[PDB]
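With the deposited numbering, letter number 62 in the sequence shown gets 64, and the count goes up by one each step, no holes. The C-beta atom is built at its ideal place from N, Cα and C for all residues, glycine as well. The structure under discussion appears below in the form of structure tokens.
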Amino acid sequence: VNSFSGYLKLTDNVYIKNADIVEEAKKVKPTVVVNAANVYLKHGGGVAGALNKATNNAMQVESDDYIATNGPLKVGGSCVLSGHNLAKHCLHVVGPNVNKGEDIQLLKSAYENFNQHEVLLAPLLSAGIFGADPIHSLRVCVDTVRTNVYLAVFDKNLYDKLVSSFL
Ligand SMILES: O=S1(=O)CC(CNc2ncnc3[nH]ccc23)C1
């Protein structure tokens, strides 16, 4: 039993809710919140900008030190950093950004990072400003993640479309 509330069950291990991931993180304080990161961990907009703003820029400060030491992530890769006031840990995962021309096949690799964590609160990777089709992202999630994932979808209209079209 866990504290996630109001989710629709899609499969054995995937759950979905119309929610603001920032507000959901603030209330649940999950072990892991996933950030929709880029390779430079520059948290300017989308989910990343919102999560970072909620940490009063502490996520960005920590991220800049990470990059200065380790260099950029790979598209499809991830790193574990602090969850600050939102979660125990933040798993920064880089899905391909279609608006930069990155290969969508890397979306499966991106979701594979979730399998290293038993339970996660997450957005749909490569959705929103990353330019991928969220219906495809949900399909890849369901067919790749085997651990327990709670997906927060900010847009109510999109949420209803994802549920109604789910196979
Ligand atoms: O005030 S807001 O419209 C800003 C938004 C931030 N929270 C999100 N939650 C889940 N997926 C998301 N994708 C992009 C943002 C987002 C609530």
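Problem - 6 Å Cβ shell around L122 - same chain, five flanking residues per side excluded - result: Here the question's residue 122 lines up with position 120 in the sequence shown. So the qualifying residues of the chain are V34, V36, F116, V151.
Problem - Where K102 falls: helix, strand or coil (DSSP) - result: Looking up residue 102 in the sequence shown gives position 100. Helix.
Exercise for the section: Measure the Cβ-Cβ separation of residue 1 and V24 and say whether it is below 8 Å. Expected result: It is not possible to answer for residue 1, since the shown part of the chain is limited to 3 through 169.
Exercise for the section: Pick helix, strand or coil for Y161, following the three-state DSSP scheme. Expected result: Translated into positions along the sequence shown, residue 161 becomes position 159. If DSSP states are grouped into helix, strand and coil, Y161 belongs with the helices.
Practice task
Using the DSSP secondary-structure output, state which residues sit across from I18 in a beta bridge.
Solution key: Locating residue 18 in the sequence shown gives position 16, counting from the first residue. Bridge partners of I18: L10, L153.
Handout entry: Residue nearest to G79 in terms of C-alpha spacing, selected from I69, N101, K90, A39
Key = The count along the sequence shown starts at 1 and reaches residue 79 at position 77. Nearest of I69, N101, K90, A39 to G79, Cα basis: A39.
Handout entry: Distance between beta carbons of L83 and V96, contact taken as under 8 Å
Key = One-based indexing of the sequence shown puts residue 96 at position 94. One-based indexing of the sequence shown puts residue 83 at position 81. Contact doesn't hold; Cβ gap of about 13 Å is too wide.
Exercise for the section: With a 10 Å radius around its C-beta and 16 neighbouring C-beta atoms as the bar for buried, classify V63 as buried or exposed. Expected result: Start at 1 with the first residue of the sequence shown, and residue 63 comes out as number 61. Label assigned to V63: exposed.
Handout entry: Validate contact between the segment 93 to 113 and the segment 124 to 144 using beta carbons, cut 8 Å, 3 pairs
Key = yes
Exercise for the section: Provide the residue span of the alpha helix (DSSP H) that contains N72, from first to last. Expected result: In the sequence shown, the residue the question calls residue 72 occupies position 70. Note, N72: alpha helix (DSSP H), 60 to 72.
Exercise for the section: For the segment 7 to 18 and the segment 66 to 74, state whether three or more C-beta atom pairs, one from each stretch, are separated by less than 8 Å. Expected result: no
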